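Summary of structural features
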Amino acid sequence: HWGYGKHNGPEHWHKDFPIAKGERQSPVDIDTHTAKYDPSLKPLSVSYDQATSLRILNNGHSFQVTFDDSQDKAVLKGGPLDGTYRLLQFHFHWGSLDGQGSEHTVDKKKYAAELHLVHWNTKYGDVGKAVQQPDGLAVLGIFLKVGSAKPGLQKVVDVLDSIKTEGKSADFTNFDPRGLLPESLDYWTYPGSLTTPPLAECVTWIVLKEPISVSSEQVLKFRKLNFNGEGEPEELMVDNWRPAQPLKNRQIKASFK
Ligand SMILES: NS(=O)(=O)c1ccc2o/c(=N/O)[nH]c2c1
Ligand SMILES: [Zn+2]
């Protein structure tokens, strides 16, 4: 099955998922001098006051916090987006070392990790239909660097002991994802893909310019998760990131100059 190892990693995914070599694949490198400032872009609308976290899960490739997306409780709108997108889940991608782990890169800079808040477009009724659409998903990507701790992440960090291995899950209610945001909502945006199988080219990517800082103790707790399931040889869940893909016929736009 696909993964991040030597024989099943990103260079192998195209065999089961040919779109891996597609025309709008993610992640990409964001060349900050090539990105064009688009003043017709709008401020992002991040409406997370009514979010309903449900459960946290080790899915064998990352850990995920899922929300109630049966109503417009936590939505993203504005920016380059038409319509309302509902928050389904967030997860991260991270490294074995602080100099690597993000999927997007900024002028080839790799961040220690990248947070992905996954939203689907309500005009398509469910996430399974959205992923079949060129504008089906909006993913808000936030870079993590190692520095001061991020207080809003500590509730997540403290429960990872209970979901160490693949397919473990736990209650995770009343978590407020507003605690993971930076101060600025300035962003880059381009049309792209899921960065894990099926690599569907359904994503409007919205990548915030500003990292959040997390502590070394917080990120070290990511690195104690396992790719494997209980009763299997231990393999630490590190370097679960896809590297940058060719931009091809695409222009990265910036909401800021
Ligand atoms: N890593 S990502 O581009 O935010 C992302 C988000 C939602 C996803 O659902 C997926 N199918 O199992 N892959 C995937 C990647
Ligand atoms: Zn992701």
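Residues numbered from 1 in each chain as written, not as in the entry; some residues may be left out. Chains lettered and ligands numbered in written order. Heavy atoms only, no water.

As recorded in the PDB header, X-ray crystallography is the method behind this entry, and the stated resolution is 1.5590 Å.

What follows is about the UniProt feature "binding site: substrate" in the protein. Sites flagged by UniProt as "binding site: substrate" map to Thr195 and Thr196. With respect to the helices and strands, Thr195 occurs in the loop between β12 (187–192) and β13 (203–208). According to the relative accessible area criterion, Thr195 is buried, its value standing at 5%. In contact with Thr195, not counting residues within four places along its chain, are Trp13, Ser26, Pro27, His93, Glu103, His116, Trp205 and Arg242. As for its position among the elements, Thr196 is in the loop between β12 and β13. With near-sequence residues (within four places) excluded, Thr196 lies in contact with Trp2, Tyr4, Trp13 and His93. (UniProt positions renumbered as here; feature names shortened; annotations may be inferred. Helix = DSSP H or I, 4+ residues; strand = E, 2+ residues; numbered from the N terminus. Buried < 20%, exposed > 50% of the residue type's maximum accessible area, 1.4 Å probe, protein only. Contact = heavy atoms within 4.5 Å.)

What UniProt calls "active site" maps, in this numbering, to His61. Tracing the sequence through the fold places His61 in the loop between β4 (53–58) and β5 (63–67). Take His61: its relative accessible area is 15%, and that puts it in the buried class. Not counting residues within four places of it along the chain, the set of residues in contact with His61 comprises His1, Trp2, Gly3, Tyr4, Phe227, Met237 and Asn240.

By the secondary structure assignment, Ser102 is in the loop between β7 (85–94) and β8 (105–106). Judged by relative accessible area, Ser102 falls into the buried class, the value being 1%. In terms of polar contacts, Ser102 uses its side chain to reach the backbone carbonyl oxygen of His104, at 2.8 Å. One polar contact links the side chain of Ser102 to the main-chain amide nitrogen of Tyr111, over a distance of 2.8 Å. Dropping the residues within four chain positions of it, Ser102 is found in contact with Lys110, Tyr111, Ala112, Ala113, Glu114, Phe143 and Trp241. (Polar contact = N/O pair within 3.5 Å; in protein donor to acceptor, adjacent residues only side chain to side chain.)

As for its placement among the helices and strands, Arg223 is situated in the loop between α3 (216–222) and β15 (253–254). A polar atom in the side chain of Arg223 sits 2.8 Å from the backbone oxygen of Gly95. Residues in contact with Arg223, not counting those within four places in the same chain, are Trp94, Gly95, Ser96, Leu97, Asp98, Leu236, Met237 and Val238.

Before going further, it helps to examine the coordination of the zinc ion (ligand 2). Around the zinc ion (ligand 2), the protein contributes the donor atoms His91 (NE2), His93 (NE2) and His116 (ND1), at 2.0 to 2.1 Å from the metal centre. Coordination at the zinc ion (ligand 2) comes from 4 donor atoms whose angles at the metal span 103 to 117°, giving a geometry best classed as tetrahedral. Mapping the donors of the zinc ion (ligand 2) onto the primary sequence gives the spacing H-x1-H-x22-H. You can see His93 sitting in strand β7 and its partner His116 sitting in strand β9 (residues 113–121), a full 23 residues away along the chain. For the pair formed by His93 and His116, the shared burial category is buried. (Donors = N, O, S within 2.8 Å, 3.2 Å for Na, K, Ca; no water. Tetrahedral: all angles 85-135°; square planar, octahedral: opposite > 155°, others 65-115°.)

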